[PDB]
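Count along the sequence shown starting at 1, add 2, and that's the number in the deposited numbering.
Heads up, the beta-carbon is just placed ideally off N, CA and C, and yes, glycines get one too.
Everything below concerns the one structure shown next.
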Amino acid sequence: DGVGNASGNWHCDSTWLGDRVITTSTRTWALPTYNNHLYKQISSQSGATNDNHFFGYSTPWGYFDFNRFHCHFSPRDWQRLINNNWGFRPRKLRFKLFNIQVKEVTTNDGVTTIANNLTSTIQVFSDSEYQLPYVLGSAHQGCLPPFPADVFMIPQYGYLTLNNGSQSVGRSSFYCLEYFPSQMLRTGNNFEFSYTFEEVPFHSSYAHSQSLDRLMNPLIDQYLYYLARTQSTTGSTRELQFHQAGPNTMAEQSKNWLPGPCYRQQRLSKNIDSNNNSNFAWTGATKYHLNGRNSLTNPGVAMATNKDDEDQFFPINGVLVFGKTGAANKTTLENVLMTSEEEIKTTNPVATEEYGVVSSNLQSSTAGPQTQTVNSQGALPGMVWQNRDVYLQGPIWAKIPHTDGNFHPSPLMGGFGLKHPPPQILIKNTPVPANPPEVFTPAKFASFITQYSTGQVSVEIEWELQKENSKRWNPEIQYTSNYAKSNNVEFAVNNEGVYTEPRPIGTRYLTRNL
Numbered sequence: 003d004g005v006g007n008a009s010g011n012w013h014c015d016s017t018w019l020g021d022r023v024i025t026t027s028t029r030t031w032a033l034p035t036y037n038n039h040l041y042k043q044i045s046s047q048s049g050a051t052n053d054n055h056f057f058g059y060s061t062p063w064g065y066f067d068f069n070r071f072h073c074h075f076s077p078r079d080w081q082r083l084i085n086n087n088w089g090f091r092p093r094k095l096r097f098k099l100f101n102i103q104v105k106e107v108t109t110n111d112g113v114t115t116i117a118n119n120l121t122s123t124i125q126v127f128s129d130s131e132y133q134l135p136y137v138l139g140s141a142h143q144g145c146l147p148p149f150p151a152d153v154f155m156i157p158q159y160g161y162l163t164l165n166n167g168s169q170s171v172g173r174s175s176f177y178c179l180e181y182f183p184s185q186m187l188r189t190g191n192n193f194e195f196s197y198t199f200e201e202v203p204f205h206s207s208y209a210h211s212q213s214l215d216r217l218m219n220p221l222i223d224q225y226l227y228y229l230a231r232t233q234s235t236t237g238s239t240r241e242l243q244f245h246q247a248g249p250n251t252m253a254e255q256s257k258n259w260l261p262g263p264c265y266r267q268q269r270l271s272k273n274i275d276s277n278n279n280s281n282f283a284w285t286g287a288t289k290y291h292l293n294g295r296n297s298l299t300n301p302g303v304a305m306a307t308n309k310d311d312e313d314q315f316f317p318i319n320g321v322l323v324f325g326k327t328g329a330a331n332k333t334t335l336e337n338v339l340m341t342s343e344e345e346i347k348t349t350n351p352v353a354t355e356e357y358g359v360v361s362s363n364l365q366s367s368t369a370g371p372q373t374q375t376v377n378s379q380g381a382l383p384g385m386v387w388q389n390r391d392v393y394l395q396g397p398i399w400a401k402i403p404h405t406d407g408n409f410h411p412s413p414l415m416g417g418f419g420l421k422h423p424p425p426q427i428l429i430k431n432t433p434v435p436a437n438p439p440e441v442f443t444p445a446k447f448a449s450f451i452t453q454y455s456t457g458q459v460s461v462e463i464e465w466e467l468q469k470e471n472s473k474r475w476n477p478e479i480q481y482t483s484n485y486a487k488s489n490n491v492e493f494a495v496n497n498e499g500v501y502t503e504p505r506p507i508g509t510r511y512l513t514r515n516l
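Here's what the structure looks like:
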């Protein structure tokens with residue numbers, strides 16, 4: 003198109019069409035110049051702890067990130083979804099950039115003047131072949147604002163490569179994004195992209211109405227026998243007694259399935275008075291060892307946050323913790339929203355409890371039986387489990403690493419695991435040299451006109467809906483807003499125009515038989 007012709011329209015809504023829902027989100031974005039158009043090698047400081055060493059590159063490119071459910075679902079749409087479906091999955095994606103405006107900024111005597119540069123371009127391209135490092139599945143900031151009215155800054159792209167301490171190795175890879183084909187857009191140009199999600203399992207948008215330890219009929223006995231006593235009742239000399247387990251001995255009944263794998267985490271009380279007086283946030287945390295580096299298992303394997311009547315206890319680093327609006331990068335428990343995974347109490351072990359006890363020796367007339375606690379149990383035949391719940395403010399998808407093998411490639415932070423996820427969309431402002439010297443100089447250029455860009459970005463996602471088909475008689479639990487009077491409406495703006503999300507909403511409100 004031309005300067006005076008709009009390259010697109012604001013499409014922001016949600017349409018429900020039975021088994022599928024299409025959400026269109028339109029946002030206004032601003033992209034500055036990053037790194038002064040330079041690729042910069044970045045690494046950890048000298049004083050950094052060995053666990054925090056890194057080596058990589060920060061690039062002059064920006065990237066678009068919409069890997070959060072609140073980018074696409076409004077609170078009302080999220081409530082409509084979670085309250086009426088047993089699951090959902092992303093199906094199709096359309097991406098649009100339009101109404102691009104490149105603006106030149108000139109500073110004179112501390113006065114900033116912004117003018118239109120009608121001939122400047124922006125470079126945009128999608129890494130459709132996944133040849134670049136993927137950073138969209140790391141719960142980084144810089145997403146599309148939940149509120150359509152808010153204007154967001156496009157985050158700076160960067161990546162990490164193999165590092166030995168603060169140094170690089172011969173296998174370290176440097177990527178120049180200018181080596182890729184790129185679409186160049188002036189003010190009248192727009193960019194379009196389409197993507198199809200791979201077949202993935204539906205997210206479990208339900209809780210279990212039964213526990214894996216209570217799948218039997220509570221009226222009949224079992225025809226199998228279990229050893230109920232190794233010693234005689236009255237005269238406790240010796241014997242082997244076998245009983246048929248029944249309703250009164252539900253714990254001793256034979257069963258076909260086992261709770262899911264465990265990786266034990268330290269328990270912490272929301273009431274600080276009940277916590278030990280020491281700094282064990284790191285020394286007492288649950289970690290994995292990789293190439294001599296300790297890394298938190300945050301949030302780690304999907305486990306129940308707490309057991310019945312223990313909502314005030316949470317795993318030390320096994321829960322997704324969001325921040326309230328206006329919360330600083332560092333704050334206390336009062337300014338953060340802690341998710342709860344208690345719905346998976348039915349199948350998953352509690353994050354802060356043991357998996358069980360196993361025999362550790364052989365008993366005899368002289369050696370008594372001995373058991374040891376299992377604080378980390380891997381996959382066993384007959385195991386069943388649920389994944390972490392997804393949240394309106396949580397991530398949608400994570401890229402499955404390209405490895406020889408994997409076990410249940412479901413992201414631990416939650417969401418959909420994709421071998422070929424939505425490709426990264428990288429955007430940059432084309433460097434605009436300032437007036438060059440009148441005599442040729444081979445020196446690398448370092449004088450550019452300060453420029454930034456603004457535009458509209460549209461993301462349309464089609465999700466397939468799994469409709470609940472329960473025969474349950476009594477009313478189900480639903481997500482609802484509080485009818486009590488309040489100073490501010492929930493999920494709205496305040497007197498200052500700040501949009502707040504007061505609590506994290508999961509998806510598991512409806513129930514399903516185990």
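Inset, instruction - Quick one: grab the DSSP three-state call for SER207. - result: It is coil, neither helix nor strand.
Inset, instruction - Could you say if the region 212 to 221 and the region 23 to 35 meet the contact criterion of at least three C-beta pairs nearer than 8 angstroms? - result: Three or more Cβ pairs closer than 8 angstroms define a contact, and the region 212 to 221 falls short of that threshold against the region 23 to 35.
Inset, instruction - Give the secondary structure of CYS14 by DSSP, where H, G and I count as helix, E and B as strand, and everything else as coil. - result: Reduced to three states, the DSSP call for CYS14 is coil.
Inset, instruction - Tell me where the alpha helix (DSSP H) around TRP80 begins and ends. - result: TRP80 -> alpha helix (DSSP H) spans 77 to 84.
Legend entry - Closest by C-alpha distance to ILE274, when choosing among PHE315, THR123, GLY325: Of the listed residues, the one whose Cα sits closest to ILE274 is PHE315.
Inset, instruction - Could you give the DSSP three-state label for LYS326: helix, strand or coil? - result: If DSSP states are grouped into helix, strand and coil, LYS326 belongs with coil.
Legend entry - Same chain, Cβ closer than 6 angstroms to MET155, five either side skipped, listed in chain order: Once the five neighbours on either side are set aside, the close Cβ partners of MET155 are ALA32.
Inset, instruction - Would you give the residue range spanned by the beta strand (DSSP E) that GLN185 belongs to? - result: Counting along the chain, the unbroken beta strand (DSSP E) around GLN185 starts and ends at 185 to 187.
Inset, instruction - Report, in whole angstroms, the separation of the C-beta atoms of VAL376 and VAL386, which I expect to be a contact under 8 angstroms. - result: Your pair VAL376 and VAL386 does not check out as a contact, with CB atoms roughly 17 angstroms apart and the cut at 8 angstroms.
Legend entry - Close-in-space but distant-in-sequence residues of the same chain around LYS272 (CB under 6 angstroms, 5 per side omitted): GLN314, listed in sequence order.
Legend entry - Contacts around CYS178, its chain only, beta-carbon distance under 7 angstroms, and the 5 residues preceding and following it disregarded: Closer than 7 angstroms at the Cβ level, and outside the excluded window around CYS178, lie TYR41.
Legend entry - Cβ-Cβ distance between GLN246 and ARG240 below 8 angstroms: With contacts defined as CB atoms closer than 8 angstroms, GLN246 and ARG240 fail to qualify as a contacting pair.
Legend entry - Proximity winner among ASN101, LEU339, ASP129, relative to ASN192 (alpha-carbon distances): Comparing Cα positions, the closest option is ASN101.
Legend entry - Assumed close pair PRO263, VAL303 - CB separation to whole angstroms, cut-off 8 angstroms: Cβ-Cβ separation between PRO263 and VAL303: approximately 6 angstroms, consistent with a contact (criterion under 8 angstroms).
Legend entry - Beta-carbon gap between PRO157 and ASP53 smaller than 8 angstroms: No; because the gap between Cβ atoms is not below 8 angstroms, this pair is not in contact.
Inset, instruction - Using a threshold of 8 angstroms, state whether the C-beta atoms of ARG505 and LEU339 are closer than that. - result: A contact, by the Cβ cut-off of 8 angstroms.
Legend entry - DSSP three-state assignment for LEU335, whether helix, strand or coil: Looking at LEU335 - three-state DSSP - the assignment turns out to be helix.
Legend entry - Same chain, Cβ closer than 7 angstroms to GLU464, five either side skipped, listed in chain order: The beta carbon of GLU464 sits closer than 7 angstroms to those of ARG22, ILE24, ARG93, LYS94, all from its chain and outside the five residues before and after it, given in chain order.
Legend entry - Counterpart residues of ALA32 in DSSP-defined beta bridges: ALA32 is bridged to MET155, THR456.
Inset, instruction - Have a look at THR114, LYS98, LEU99, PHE97 and flag the residue whose alpha-carbon is nearest the alpha-carbon of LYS105. - result: Measuring from the Cα of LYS105, the nearest candidate turns out to be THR114.
Inset, instruction - State the beta-bridge partners of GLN169 as determined by DSSP. - result: Here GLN169 is bridged, per DSSP, to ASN166.
Inset, instruction - Look up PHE195 in the DSSP assignment and say whether it is helix, strand or coil. - result: Note: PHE195 maps to strand in three-state DSSP.
Inset, instruction - Give the range of the beta strand (DSSP E) segment to which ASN490 is assigned. - result: No beta strand (DSSP E) holds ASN490; DSSP gives it neither H nor E.
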